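Okay, so here's the structure we're looking at.
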Amino acid sequence: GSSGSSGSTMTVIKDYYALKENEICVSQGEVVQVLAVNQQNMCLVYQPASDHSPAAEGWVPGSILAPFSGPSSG
């Protein structure tokens with residue numbers, strides 16, 4: 001497996017829409033991984049292949065993001 005991740009896995013608590021081209025559409029329940037933050041109060045999250053769309057990196061408002069927990073928590 002991995003040897004120490006860097007980004008933090010967050011689960012979409014509320015639906016959202018990609019206002020820009022870089023941004024991606026997400027719904028309450030999806031799980032993404034944060035990579036960085038933008039001056040537009042956005043969080044570069046990596047969305048893995050999904051029914052809606054395949055593996056793609058899109059920006060999302062941390063407001064709709066939350067600290068996931070459960071598997072390999074500690």
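Following the order of the structure tokens, chains are lettered A, B, ..., residues in each are numbered from 1, and ligands are numbered from 1.
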Pick out the residues sitting within 8 Å of residue 8 (chain A), and hand them over as a VMD selection string; count only C-alpha atoms, and ignore anything fewer than 3 positions along from it in its own chain. chain A and resid 5 33 to 35 67
As a VMD selection string, please: the residues near residue 9 (chain A) (cut-off 12 Å, only C-alpha atoms, same-chain neighbours under 4 positions excluded). chain A and resid 5 30 to 35 43 to 48 62 65 to 73
Enter the distance from CA of residue 49 (chain A) to CA of residue 12 (chain A), in Å, rounded to one decimal. 15.4 Å
Interatomic distance (Å, one decimal) between CA of residue 42 (chain A) and CA of residue 54 (chain A): 20.9 Å
List as a ChimeraX atom specification the protein and nucleic acid residues near residue 27 (chain A), meaning an atom at most 9 Å away when only C-alpha atoms are counted, but skip any in the same chain fewer than 2 places from it. /A:12-17,25,29-30
Report the residues of chain A whose backbone DSSP state falls under strand (DSSP E), written as number ranges by chain. A: 9-11, 31-37, 42-47, 56-61
Go ahead and write the selection's residues with C-alpha atoms as a PDB file, in the first residue's frame.
ATOM      1  CA  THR A   9      -9.975  12.464   2.163  1.00  0.00           C
ATOM      2  CA  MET A  10     -13.254  14.372   2.427  1.00  0.00           C
ATOM      3  CA  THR A  11     -16.830  13.274   1.738  1.00  0.00           C
ATOM      4  CA  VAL A  31     -15.583  10.891  -1.612  1.00  0.00           C
ATOM      5  CA  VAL A  32     -12.689  12.978  -2.928  1.00  0.00           C
ATOM      6  CA  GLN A  33      -9.130  13.810  -1.882  1.00  0.00           C
ATOM      7  CA  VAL A  34      -8.012  17.393  -1.260  1.00  0.00           C
ATOM      8  CA  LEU A  35      -4.783  18.513  -2.930  1.00  0.00           C
ATOM      9  CA  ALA A  36      -4.636  22.263  -2.310  1.00  0.00           C
ATOM     10  CA  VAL A  37      -6.619  25.483  -1.898  1.00  0.00           C
ATOM     11  CA  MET A  42     -11.769  26.380  -3.501  1.00  0.00           C
ATOM     12  CA  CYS A  43     -10.082  23.059  -2.723  1.00  0.00           C
ATOM     13  CA  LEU A  44      -8.415  21.104  -5.528  1.00  0.00           C
ATOM     14  CA  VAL A  45      -9.933  17.678  -4.875  1.00  0.00           C
ATOM     15  CA  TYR A  46      -9.224  14.572  -6.950  1.00  0.00           C
ATOM     16  CA  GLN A  47     -12.386  12.704  -7.937  1.00  0.00           C
ATOM     17  CA  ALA A  56     -10.739  13.623 -12.937  1.00  0.00           C
ATOM     18  CA  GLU A  57      -9.398  16.450 -10.775  1.00  0.00           C
ATOM     19  CA  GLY A  58     -11.834  19.254 -10.010  1.00  0.00           C
ATOM     20  CA  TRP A  59     -12.061  22.161  -7.578  1.00  0.00           C
ATOM     21  CA  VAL A  60     -14.791  22.185  -4.932  1.00  0.00           C
ATOM     22  CA  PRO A  61     -15.906  24.530  -2.122  1.00  0.00           C
TER      23      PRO A  61
END
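Minimum atom-to-atom distance to residue 51 (chain A), evaluated using only C-alpha atoms, belongs to A:26 out of A:1, A:26, A:18, A:6.
Between CA of residue 2 (chain A) and CA of residue 50 (chain A) the separation is 21.9 Å.
For the set A:7, A:24, A:40, A:19, the residue with the smallest atom-to-atom gap to residue 52 (chain A) is A:24, counting only C-alpha atoms.
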